[PDB]
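Chain IDs A, B, C, D, E, F, G, H, I, J and K follow the sequence of writing; residue 1 opens each chain.
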């Protein structure tokens, strides 16, 4: 295939390794999640526009809609976490270890 | 919680599950997964304690990452196929990513870490809804794509989750963590047979759902969440101790009880294809599961642990709980073995 | 091609004025000129402290309503269809669902600020 | 991890001890790397040096297990002149278990590992002889 | 060189992705994702879908500004590691940039690379089409047909968004 | 089975509700000082705000 | 219900105006007869190419020339 | 297995062809066993609510038995239909493919040879 | 549990989107509509096993229409050989590939 | 160009059919200069 | 696979209608009304056999017909047509509605000189029928032979032989 596909999936893999290795900040992992959804959007619309699948042009709008819905859910859960503890550090979520 | 809002949220969860179950499109499958997850998040936050926030955050992160892998597999299949139909995948990379996404959604080892913590941090009813309802859409999608799953990957996941769940169930004194590790072992049991005969997987799904629903309803009715709290039931209602005794005996695959029927048919199906070492290993780890079930039933039924003084005050009041379908579900979870050829209706 | 030429022309017009605003005049820089300005007195703590926000719910629903209006923008092209009744019904139903969400937030005191 | 097993199994047994020793040491090294990586991921070491020391200790232990297992099995099949026999692999498994006991510095772990790894190595030779399938492809 | 315009835009795309996937600070992560969204809009605009690029740019800019407000409220500290202030962040940023430039040099020399798929060396102008689209734009007409064909999609999306508002309002309740 | 790692692991509470562990909320302390058009010439309002 | 309408117009007239406008927009395409003309105008817009059919012999309805009498004409679009 | 069989005719609990089969008797041992399961469930429903087990709520136990018998009757009809369609498909495939299923000619015991292993 | 409700009820919810050769707004054809039509009609009602055995030619040709691996492979071969010939000095490009030839229409 | 390369056949179609296919963008302007490349491929999108 | 086929450059040579797009747009309706038969024959064949290598002589014929129509236009009303296409060509979007006076002048001159009536609204979008002599292509898609379908299940449903036949269950 084309090398633009190489760079798009390579960006997806970068943001996947970013999400799966935490840096003691939940919001940065949320940003990595939005980066992964952006990469999925770009890849999908690239192939859809190249292969002239015209009816599938409505799809990435729906995908980005659900991306933002789950982002809003993540932000609300982060408000609850930051209202319990002092900060948003991911090491404070260790009560369920005993 | 407003009961109208709770009813709306529960119907939306069910709607997401059937949207996954009835659609012929990968994007609609993904939409159903997203709406199910985002509608079951607030059920786990019903009591508003920090443990519910921890459980909801960990569950949200795991299901989000699994959904991303699901979408990547879908997009790669679109690339190499040019279509969207829910059938086998036309790429091994997409098949492997879809299998790991559905394993992360099912809580299969080595993606099993979130399940005991999420199960512990949420109330008993939300845990029941999780462990029964949420474990149908990934099983349905796995039923759809069985021509394309790599046998080595799915068998590795199945035996790994069986061994890890059976080993981890030996070190728990809370009931919800015990139930989560038992759930991990049972998903290993079902998916070890999926590539051979998926009707066996459907039968195992139904029996496991019935059995764990009966046990969760028993724990809700007695209002016990730890084993030392479960040990007071002989001073409260001995019939409930008899019920938990027979259901724990059935849950270990002990004949002539109905819980032995799934494992028996799994061993029957997997030896038609000359695989003998694997069902023996699964049988021995099922013995480990039966061990921690035996420990629980020694705690609650076959001995009389010391009770307290206020148990008299609890004697004076009869229960008014809404034990919905408990006797029917107990009977189905215990004595369904002479009706074994009923399984052909799932063909 | 012309758009990148225009953007580059605007950018090197903007960065030319800043670069001649940093090297031209005479500088007298001390360890009092660049202190933070707190109306004449020394600040009591850092400026990187958590500045708590009361309108979090309105921001989350701003995300959701921004996506609702993102779904709504194909309407001038969608009015050029043949299945006009179904398009009209789905447009009306989407806008009605937006209004239902807004009204449910209004009746539940979600738009009111905390504290 | 598939081509390493195929690199080990294609040599006839009891023929060249050095190539079989190298192949089995490669299997042991791969096992040690994956075990050590899971260990440092799931259990955080105290510092960098402790992590690399633990990783190196694990892979050296498993590499020793593989090396002396392959050497012992090939030497036994060479001396006995009976290559397609699980007895050679039984002695190889017990020698590996003794090596694990020496690495852990305990005799009980050594004896238990001798017994169990000898049984598993003999069973592996039996499965290679009779074509037993663990991940058997579907037939019916 | 100008034939490789989408290649240069995708290299800026990956540069922003590895800039913000190092997780230095969510302000600078926001800047990096803004850069990535803008250049992704550029990429999909040379592929023809200007509407989709404008929507993804607008949506991500709104989301990034709201989350900037959030980290100025919630995710902030005394001395934010903006960049170069931490060892692991600078190390992983340099590692990602070096890996990306390494594979760009590799694909601009052999004109073919094999990472798990197989990627070609030329620009992506070759995979275009030589025909005309007439008097309409394909992407605009597809998202217009969302209303006349996708009634089920509209129903499930609107219901999911309404219950999403309900979900986020009954999450941040406190009791 | 208690071990060295499982030594500080307390059981969860009976109601599964923890005490709120109220850390200091760190109200921002602004200085509406004299060099301000709002303050009538000279007025040093030390002002503790929650945002 | 008249007292409630008077109260809500006295308190928040913007919501009353919005509800009236939305109700008007909902109920007017049901009762109006000009919508079919819009449907036919949208149908009669030639985006594609009108490819011709092979004359087997039994098709007297389809014309042979653009100026033939038979076929769908657009006189109503001129008059309206 | 039979997914492609129930692929062109979906979501039918019991097709038209199921009526060609004999229905189960009302004195089926399986149906009587399902009714007995319903009776046990009625006893447990009485027992867990601290009611007298054999006397309280006879209408409830009757409804339990009746509902169990009804649902079990339909489930048994489906099970018998599925076994019938399995056998019909198997025999049609055996008839259609005479090459892959040869007719084995059995030999009497005067022609065969079996090794004798003495016990002593 | 693929509880197919759409064929039982007679409604369609996502059937119009699932393939590239379905009905499009004013009949806009895709790039590989014909290849998808050929592969779909080759492998209808024969099952997946017979689909991958008896329609391999049609499916691989359709897949080459989709991603175009071999087309750019041949173009890469031609481009590389032309560059090596230009650098070595055994080839000169024709005038109609240089920038002007009084183009056809 | 292809005279020295062994195993080469000119005019080879990479598809298994004899059906006429739409000419790819690189199959038409593959040998022409970059001005025509920018004018044909990105020409309409870049045009003002 | 197969070596792709392509006609020689002598088969593609033709005299070209060398005019700007404003000349085509100005006289579009007269060209559509007068030259409908070779244009529609070419369109029918081009849509039918889906091949430009087999649709070359009809393109040649349509070029000759368009050139003949323009050569007829040049003989009689060259100056009103020149003014009309100039007034069309000044506009940026080539609007029809900015040159109704030249429309009337060109229409009157053409109608009085040759007798050509412009099509009405909605007439050039009509779908017509074309009578031609080419055979219908039996296989335009070059489809191979379709695979044999699976045999259909037939016969009455007998009861199951000896019941379930599952382990020890007699029914």
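Couple of notes before you dig in:
We adopt the following convention: a residue touches a chain if its C-beta (ideal position, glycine included) is under 8 Å from a C-beta of that chain, and two chains touch if they have at least 3 such contacts.
Molecules present, by chain and UniProt name: A = NADH-ubiquinone oxidoreductase chain 4L; B = NADH-ubiquinone oxidoreductase chain 2; C = NADH-ubiquinone oxidoreductase chain 3; E = NADH-ubiquinone oxidoreductase chain 6.
Chains that touch both chain G and chain H are the following: I, K.
Chain centres were defined as the mean of their Cα atoms; on that basis the chain farthest from chain F turns out to be K.
When C-beta pairs in contact are tallied for every pair of chains, the largest tally goes to A-E. In terms of their C-alpha centroids, the spacing between chain C and chain D amounts to 61 Å. Centre-to-centre separation of chain A and chain G, using mean CA positions: 43 Å. With centres taken as mean Cα positions, chain H sits 27 Å from chain B. Among the residues of chain D, none is in touch with two or more other chains.
Residue positions of chain E with contacts to 2 or more other chains are 48, 55, 59, 63, 66, 70, 73-74, 77, 117-118, 120-122, 126-129, 136, 138, 140-146, 148-150, 153, 157, 159-161, 164, 166-168, 171-172, 174. Counting only residues that touch two or more partner chains, chain K has 50, 141, 164.
Note for the complex: chain E touches chain G at residues 134-136. Considering their complex, residues 84-86, 95, 97-98 of chain A touch chain F.
Within the complex formed with chain F, the residues of chain B that make contact are 47, 49-51, 120-121, 123, 170-171, 173-174, 225-226. Across the complex, chain I is touched by residues 16, 50, 141, 143-144, 146-150 of chain K.
Listed in rising order, the residues of chain C touching chain E in the complex are 46, 48-53, 56-57, 59-64, 66-68, 70-71, 73-75, 77-78, 80-83, 86-87, 89-91, 93-94, 97-98, 100-101, 104-105, 108, 110.
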